[PDB]
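Asks: How does the following fold in three dimensions:
(4 chains)
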Amino acid sequence: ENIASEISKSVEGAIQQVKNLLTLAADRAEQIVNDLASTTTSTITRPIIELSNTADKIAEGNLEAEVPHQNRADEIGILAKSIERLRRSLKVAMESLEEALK
Amino acid sequence: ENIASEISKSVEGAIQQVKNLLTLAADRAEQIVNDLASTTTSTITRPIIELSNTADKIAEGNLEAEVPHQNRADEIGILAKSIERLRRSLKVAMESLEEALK
Amino acid sequence: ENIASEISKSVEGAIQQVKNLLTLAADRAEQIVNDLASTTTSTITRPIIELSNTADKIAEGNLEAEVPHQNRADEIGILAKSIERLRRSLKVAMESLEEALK
Amino acid sequence: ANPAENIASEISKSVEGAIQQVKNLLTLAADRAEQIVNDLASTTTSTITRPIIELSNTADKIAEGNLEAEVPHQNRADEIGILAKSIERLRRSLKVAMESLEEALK
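Replies: Residues are numbered from 1 along each chain as shown, chains lettered A, B, ... in the order given. Take a look:
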């Protein structure tokens, strides 16, 4: 009931309000990691694994498909274009080999 | 585009939403100063000034003025009751004087 | 090792730093309550109790009691000066009775 | 003597220091949050971009006829390691094809 309690407790609500905002801010910051794992997966991981499997199929003797995503504007596109140079080099060599048979 | 810009950029929306909540919290904290001035004026200043004015009126000879705030639970109630005792003492004094003057 | 983990986890430390600053901010905000209780008690409660106590002493018939804090510059000073007027009114009423009974 | 004339001012002013500390801590939180972007740019470049460009450069060398080019990053435990081991297999496969043709056309 006393003056000190009346005055001091009057700011308790406000402080909870401040804390509520801070908790929303903290939880939003906490979500960045899972979302970034997601982005990295779709943006980089998938394409890299795809390109790796493609390199492996080509090394194994499948030369029929142009390497996917050569059109991409970033370093994944650069990479994919380099693998296509490899595919074409292999394909010319195999074609010349086939011409030598018999 | 390059992958460093694509990935780094993907978190900018999140960071801005964190910042908005932080700014909101800081503004809410700043408002405590005003709110506390208001609470103090309501809880303390106004009743103390009301008692001071009442005291003055009694001292000037209105021995029947009503001393406000006597029922509050805090120290201001205690103060109001002590002012009511002064009023009573002055009434008793005046009634003794009138008897003497008879 | 996996690129999504490598990238996404690289920012966990920063995020925890941010969160730690938010905790420090919340903690410092909470401290305001106790500090405000203390301030209110020294600034307001103590002199209000001194005033009530003096008022009682005067009402109980010590018309010479010093009303404290008459020189204080804020509303406490206003109040104190009002109580001093009551005291002086009672002193006059006592002098007037003494004399009337002579 | 204290010049303060209003208890509402005295009480309210008394929490300003604390409040400014709260705000300063939140300013520093935001500043620390913003630094994330540039560190992330840097991690991506060091962890991903650099090895990818190296791998693409190495692929180009092999394709343009240096069948002995050393393929980097094959020991690496993530998906960059996987990609580098796939390009090392591709080299081995192109190398034998070229040699095969060379020998057949003698």
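Asks: measure the residue nearest to the spatial centre of chain A to residue C:7 for me?
Replies: When C-alpha atoms, centre = their mean is applied to chain A, the residue found nearest the centroid is residue A:40 (2.4 Å). Here residue A:40 is placed at a distance of 4 Å from residue C:7 (C-beta to C-beta, to the nearest Å). Placement of C-beta: from N, CA and C, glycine included.
Asks: Equivalent analysis for residue A:18, please.
Replies: Distance of residue A:18 to residue C:7, given as C-beta to C-beta: 33 Å.
Asks: re earlier: okay, and the common contacts of residue A:40 and residue C:7?
Replies: Each of residue B:7 lies in contact with both residue A:40 and residue C:7 under the rule C-beta atoms under 8 Å, 6 or more residues apart in numbering or on different chains.
Asks: Determine the longest helix present in chain A.
Replies: Counting residues, the longest helix found in chain A (DSSP state H) is helix A:12-40.
Asks: give me the element residue A:80 is part of.
Replies: Assigned by DSSP states H and E, residue A:80 belongs to helix A:75-100.
Asks: er, residue A:62 I mean
Replies: Residue A:62 belongs to no helix or strand, assigned by DSSP H and E.
Asks: contacting residues for it?
Replies: Residues near residue A:62 by C-beta under 8 Å, 6+ apart: none.
Asks: Now do it against chain B, distance only.
Replies: According to C-beta to the nearest C-beta, to the nearest Å, residue A:62 stands 28 Å off from chain B.
Asks: Could you tell me how far that residue is located from residue D:51?
Replies: 26 Å.
Asks: Please apply the same query to residue A:11.
Replies: Distance of residue A:11 to residue D:51, computed by C-beta to C-beta: 55 Å.
Asks: same check, this time on residue A:12
Replies: With distances taken as C-beta to C-beta, residue A:12 is found 55 Å from residue D:51.
Asks: Over to residue A:90?
Replies: For residue A:90, the distance to residue D:51 (C-beta to C-beta) stands at 23 Å.
Asks: go on, residue A:3?
Replies: Remark: distance between residue A:3 and residue D:51 (C-beta to C-beta) = 68 Å.
Asks: okay, now residue A:94: neighbour count?
Replies: Residues lying near residue A:94 (other C-beta atoms under 10 Å in any protein chain shown) number 16.
Asks: That one contacts residue A:87, doesn't it?
Replies: No. Between residue A:94 and residue A:87 there is no contact, the gap being 10.5 Å when judged by C-beta atoms under 8 Å.
Asks: what do those two both touch?
Replies: Joint contacts of residue A:94 and residue A:87 (C-beta under 8 Å, 6+ apart) are residue A:63.
Asks: and the helix or strand containing residue A:57 with chain B, contact?
Replies: Here residue A:57, judged by DSSP H and E, is contained in helix A:46-59. No. Shown here: helix A:46-59 not in contact with chain B (C-beta under 8 Å from any C-beta of the partner chain), separated by at least 10.0 Å.
Asks: who does that helix touch, helix- and strand-wise?
Replies: helix A:75-100, helix D:79-104 (3 or more C-beta pairs under 8 Å, 6 or more residues apart in numbering or on different chains; DSSP states H and E).
Asks: dump the residue contacts of residue A:65.
Replies: Counting by C-beta under 8 Å, 6+ apart, residue A:65 makes contact with residue A:54.
Asks: Against chain C, how distant is it?
Replies: Here residue A:65 is placed at a distance of 25 Å from chain C (C-beta to the nearest C-beta).
Asks: Kindly report the same for residue A:95.
Replies: Residue A:95 sits 36 Å away from chain C, going by C-beta to the nearest C-beta.
Asks: Wait, the residue nearest to the centre of chain A touches residue B:7, no?
Replies: Yes. Contact criterion C-beta under 8 Å: residue A:40 and residue B:7 qualify, at 6.4 Å.
Asks: Can you pull the residues of chain A lying near chain D?
Replies: Counting by C-beta under 8 Å from any C-beta, the positions of chain A adjacent to chain D are A:7, A:11, A:18, A:25, A:29, A:32, A:36, A:44-45, A:48-49, A:51-53, A:55-56, A:58-61, A:75-76, A:78-79, A:81-83, A:85-86, A:88-90, A:93-94, A:96-97, A:100.
Asks: So among the residues you listed, which ones count as buried?
Replies: Neighbour-count burial (16 or more other C-beta atoms under 10 Å in any protein chain shown) applied to the residues of chain A next to chain D gives A:7, A:11, A:18, A:25, A:29, A:32, A:36, A:44-45, A:48-49, A:51-52, A:55-56, A:58-59, A:75-76, A:78-79, A:81-83, A:85-86, A:89-90, A:93-94.
Asks: Skipping its backbone neighbours, what lies nearest residue A:76 in space?
Replies: Take residue A:76 and drop its neighbours on the chain: the residue closest to it by C-beta to C-beta, 6 or more residues apart in numbering or on different chains is residue A:47, 5.2 Å away.
Asks: Measure how buried that neighbour is and give me the count.
Replies: Using other C-beta under 10 Å, residue A:47 has 20 neighbouring residues.
Asks: residues touching it, list them.
Replies: By C-beta under 8 Å, 6+ apart, the contact set of residue A:47 is A:69, A:72, A:76.
Asks: tell me the contacts of the last one?
Replies: So the one you mean is residue A:76. Contacts for residue A:76 (C-beta under 8 Å, 6+ apart) come out as A:44, A:47, A:48, A:51, A:69, B:3, D:52.
Asks: switch the cut-off to 7 Å
Replies: A:47, A:69, B:3 (C-beta atoms under 7 Å, 6 or more residues apart in numbering or on different chains).
Asks: who in chain A is up against chain B?
Replies: A:1-3, A:6-7, A:10-11, A:14, A:17-18, A:21-22, A:24-25, A:28-29, A:31-32, A:35-36, A:39-40, A:43-44, A:73-76 (C-beta under 7 Å from any C-beta of the partner chain).
Asks: From chain C, how far off is residue A:75?
Replies: Applying C-beta to the nearest C-beta to residue A:75 and chain C gives a distance of 13 Å.
Asks: Quick check: that residue touching residue B:5?
Replies: No. Contact criterion C-beta atoms under 7 Å: residue A:75 and residue B:5 do not qualify, at 10.8 Å.
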